[PDB]
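Let's start with one chain on its own, the form deposited in one PDB entry, as C-alpha cells.
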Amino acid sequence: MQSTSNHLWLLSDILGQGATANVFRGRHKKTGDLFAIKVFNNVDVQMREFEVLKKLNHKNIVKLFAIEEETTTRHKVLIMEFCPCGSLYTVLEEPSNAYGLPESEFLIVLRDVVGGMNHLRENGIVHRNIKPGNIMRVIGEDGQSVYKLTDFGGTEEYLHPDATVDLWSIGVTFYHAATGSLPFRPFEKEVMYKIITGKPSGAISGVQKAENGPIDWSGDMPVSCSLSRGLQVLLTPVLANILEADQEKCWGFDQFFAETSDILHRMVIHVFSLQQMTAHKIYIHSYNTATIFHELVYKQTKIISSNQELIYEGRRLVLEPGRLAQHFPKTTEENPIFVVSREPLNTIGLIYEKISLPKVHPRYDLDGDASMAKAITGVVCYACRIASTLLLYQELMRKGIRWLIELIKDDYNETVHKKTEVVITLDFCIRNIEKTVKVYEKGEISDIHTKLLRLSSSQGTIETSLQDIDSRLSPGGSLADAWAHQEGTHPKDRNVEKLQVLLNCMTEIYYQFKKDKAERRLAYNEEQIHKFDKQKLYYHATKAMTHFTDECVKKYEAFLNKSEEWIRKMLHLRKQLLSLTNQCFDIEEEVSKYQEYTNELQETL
C-alpha cells in the first residue's frame, strides 16, 4: 500500500488507469471516510489551477478537498470525493439502456449537465469539451440520481471534426443518451469529415450502411427512441441547432441555456386519446391557461379545440379558459385525462420498432462473446419494455370504455325525463283546449288541433327510438363491454414477469462473460462451462422472443381490432342520441308558445 500524511490506500483498489495519473479508492486516516485519490507520476501553474478549483462549491461539481504529498516518493495527490456509481459510460453500458435512457433519467441528466455548465461559466473557469466520461453519478439523499462534473480544465467520436464554449460534444452526449447510439456513424478520421461536411441543414444523424455509399440523413429521433413525442418536439430543434456543421450558425451558450431552461421548467400532463388508443405527455408551463392546453392537445391528437371532451375519474371535466395549469388535477401514467371526440379518427395503437435477434457466431472468440451477450440482452430488454407498454394501453382502454358507457347513459337519462316533462305539458294543453272548445260551443281551432296531433305523433316516434337506444345500451346488448374482459392480456397472466425471469438469467450470463473477458484465457473446465453458457444464453433469448411475439403482440392486435369496431358503434349511437335530444328541444320550444296561447284563450272566455 501507500500513504500520505492523512490518507492511505491499498494498490488493489484501482478505480482508474491513465497515462497521466492513477485513481485509487482510499480512506481518511482518522475518521475512516472514503475518498478517491488521484496520484500523479512525474510546476505552480497547475498548483494555482487546483487552488482555483478548490474554492468551488456547487451540487454539480465534484469537490476537491485537499492536495497533498506521498510519503515514500515525493509525488502529488488529489483527494476528491468518492462517487461509487461510476460515470455515464457505466450508465450507458447497461443492457436496459441500450436504446436510450428513460425520459425521467434523461431530464435529470440534462438539468444537471446544464447547471454545471452554467456555474462553471458564470465564475470564469475555462474548461474542456465535456464528454460522457466527465460526468460522474451519485445517489442523492432522496433516491434520485445527481450528476456531477469532473476533470474539467472511444473519447474521439465526441469531438468536432476539424474562450467561446463549443457545444458539439454536449450535443453528441445528449443524442447518445437519448437513443443509445452515436449520431454520425461511418461504416466499420477523414470519413468523419466527409460525412459531417456534406450534411444538410436540420439533420441530426446520418447513417452509412455500405462501403463509400451515400449517407442516409435523418431529421428525427429514431422509432426505438423511448422519449415521448411531446419531448421530442421540444428537443429536436435544440440538437438541430447545436449539431450544425458551420460554427457561425450555432447558438453559443446563452441562447442554449434559455431554450433548455424553457424545456426544463415545464410540468407534464398525461392525456390518453381514446379513439386513437395513444398516450401523450403534454408539456405546459405552470402559469398557462386552459386555452394553451387545448392547443397543445390539438397539436398531437389532431382534435379541434371545440371537440375535445375531457374525462377524469368518472365525471366530465370542464376547464374554464381562465384556469391556470397548476390548478389542473394531478395525473400519472395510470391516471390520465381521457380525450373523446364526436367526429371520427384513425385508431393507430402503439408504434414500435421490430427488433430481431442477431445471429450467434459459433467460434470460440472470447472478445466477441461479450459483445454478442450485450446485444442479445439489449434486444430482450427492449422487448420487455414494449410488453409493459402494450399492457398499459390495454388497461387504460378497458377503463376508458367502462367510463364512456356511463356518460352515455347519463345523457340518455336526462333526455328521457326532459321528454317526459314535455309530454305532460303537451297532453295537458291538448286536453285543456279541446275540453274548452267542446264545452263552449254548446277559427284557429283546427290550426291548433292538427298541429298538436302532429306533435303527439312525433312524441310517439321519439319514444320508440329511445326504447331502441336503451335496448342497445342494456347490459347484454350490442354496446356492452363484455368482450373487453376476454381479449388482450390481463395483469393476472403475468407476461412481463415471465419475460423478466428470462431477462435476469441472460443478464447473469452476460456479467459472467464480461468478467471472463478481462482474464485473457481460461482453464479446460472453465472453457467448457463458457461454451455451455454461450449456447444457453441463445436458448433463453429464443424462448423469450417467441413468448413475446406469440403471447403479447398477437393478443394485442386482436384487442385493437375489436376496439376499432366498438368505437365505430359508439360514435353511431352517440350521434343518434344527440339528434333525439335536439328534436325534443324543438317540440318544447313549440309547446311553450302554444301553451301560452291556450292559457290566453282559457282566460278570455
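Numbers for residues come from their place in the sequence shown, where the first is 1.
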Residues of the deposited chain absent from the coordinates between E188 and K189 total 4 to 9
Of the deposited residues between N57 and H58, the number without coordinates is none
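Not pictured, yet referred to below: the form solved in complex with a small molecule.
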As a check of understanding, the residue in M545, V62, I67, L571 with any heavy atom within 4.5 Å of the small molecule in the entry with it bound should be identified as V62
Contact with the small molecule in the entry with it bound, heavy atom within 4.5 Å, among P329, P84, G202, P344 goes to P84
**Prompt:** Does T90 reach the small molecule in the entry with it bound, with heavy atoms at most 4.5 Å apart?
**Reply:** yes
Taking the small molecule as it sits in the entry with it bound, is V340 near enough to touch it, meaning that at least one heavy atom pair lies within 4.5 angstroms? no
Review point. If you check in the entry with it bound, is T278 within 4.5 Å of the small molecule, heavy atoms only?
Key: no
- So in the entry with it bound, does any heavy atom of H540 sit within 4.5 Å of the small molecule? no
Among 252-260, 107-115, 318-326, 76-84, the stretch whose residues bring a heavy atom within 4.5 Å of the small molecule in the entry with it bound is 76-84
